[PDB]
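Worksheet: one structure, shown below.
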Amino acid sequence: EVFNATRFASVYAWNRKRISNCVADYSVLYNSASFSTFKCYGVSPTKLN
Amino acid sequence: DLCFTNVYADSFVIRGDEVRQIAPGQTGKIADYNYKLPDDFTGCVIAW
Ligand SMILES: CCCCC/C=C\C/C=C\CCCCCCCC(=O)O
């Protein structure tokens, strides 16, 4: 619902979505999602799991 | 101006978006399942 959305919002009207009660197993994005930029600021990536 | 003790060259081919994953403390498909750099990594990463 986030990375595979058909339509994205404009930057001046950027969309905000609440995420709650879920498991952030981002490895499922490894199959089809390729990201040019992935920068974490308040947490190290390797600890995200 | 330096001499290097144990020079090892690790060569492979990845995606353009996965070049950023070649770092000591990165996560991702390549960093987790394919090629991981040590936290105390001493060396140089080159990609073209
Ligand atoms: C649906 C959103 C859930 C967010 C939960 C909050 C924190 C979890 C963290 C990171 C998830 C996104 C990882 C994207 C990059 C994957 C690795 C890569 O390709 O380099």
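The chains referred to below are lettered A, B, ... by the order of the sequence lines, with proteins before strands, and numbering in each begins at 1. Counting starts at 1 for both ligands and their atoms, following the listed order.
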Original post:
If two hydrophobic side chains count as joined below 4.5 Å and joins carry through other members, does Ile19(A) share a cluster with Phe8(A)?
Top reply: no

**OP:** Please identify each residue that fulfils side chain to side chain contact (heavy atoms under 4.5 Å, CB included) with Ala9(A), with sequence neighbours left out.
**Re:** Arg7(A), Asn15(A)

**OP:** Out of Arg20(B), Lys29(B), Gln26(B), indicate the one that has the non-hydrogen atom closest to atom 20 (O) of ligand 1.
**Re:** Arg20(B)

Original post:
With hydrophobic residues grouped by side-chain heavy-atom distances under 4.5 Å, do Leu29(A) and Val2(A) end up in a single group?
Top reply: yes

**OP:** List every atom of ligand 1 that sits less than 4.0 Å from any heavy atom of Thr27(B), numbering the atoms from 1 in the order shown and giving each element.
**Re:** 20 (O)

Original post:
Does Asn4(A) CG have over 12 foreign heavy atoms under 6.0 Å away?
Top reply: no

Original post:
Got a protein heavy atom sitting under 4.0 Å from atom 6 (C) of ligand 1?
Top reply: no

Original post:
If you count the non-hydrogen atoms of other residues, nucleotides and ligands that lie under 6.0 Å from CG in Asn31(A), is the total more than 12?
Top reply: no

Original post:
Is there a chain of hydrophobic side chains (I, L, V, M, F, W, Y, each step under 4.5 Å between heavy atoms) that links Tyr30(A) to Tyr35(B)?
Top reply: no

Subject >> Test item: protein heavy atom less than 4.0 Å from atom 2 (C) of ligand 1 >> reply: no

Original post:
Hey, which atoms in ligand 1 end up nearer than 4.0 Å to a heavy atom of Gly28(B)?
Top reply: 17 (C), 18 (C), 20 (O)

**OP:** Return the option from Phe35(A), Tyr30(A), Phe3(A) holding the heavy atom at the smallest distance from atom 15 (C) of ligand 1.
**Re:** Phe35(A)

Original post:
Nearest protein heavy atom to atom 11 (C) of ligand 1, by residue and atom, and its distance?
Top reply: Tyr26(A) CB, 3.8 Å

**OP:** Might you point out which heavy atoms bring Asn49(A) and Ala24(A) nearest each other, and give the distance in Å?
**Re:** OD1-O, 4.2 Å

**OP:** Around atom 10 (C) of ligand 1, find the nearest protein heavy atom and jot down its residue, atom name and distance.
**Re:** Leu48(A) CD1, 4.0 Å

Original post:
Relative to the heavy atoms of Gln21(B), which atoms of ligand 1 are at a distance of less than 4.0 Å?
Top reply: 18 (C), 19 (O), 20 (O)

Original post:
Right, does atom 13 (C) of ligand 1 have protein non-hydrogen atoms nearer than 4.0 Å?
Top reply: yes

Subject >> Enumerated ligand 1 atoms positioned under 4.0 Å from heavy atoms of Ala24(A) >> reply: 5 (C), 8 (C)

Sequence neighbours left out, cut at 3.5 Å: what donor-acceptor pairs do the side chains of residues 19-27 of chain B make with other protein atoms?
residue	atom	partner	partner atom	Å
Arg20(B)	NE	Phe35(A)	O	3.2
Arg20(B)	NE	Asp17(B)	O	3.4
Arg20(B)	NH2	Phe35(A)	O	3.3
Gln21(B)	OE1	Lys29(B)	N	3.3
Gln21(B)	OE1	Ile30(B)	N	3.0
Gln21(B)	OE1	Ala31(B)	N	3.2
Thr27(B)	OG1	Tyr26(A)	OH	3.0
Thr27(B)	OG1	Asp32(B)	OD2	3.4

Subject >> atom 18 (C) of ligand 1 protein-contacted (non-hydrogen atom, under 4.0 angstrom) >> reply: yes

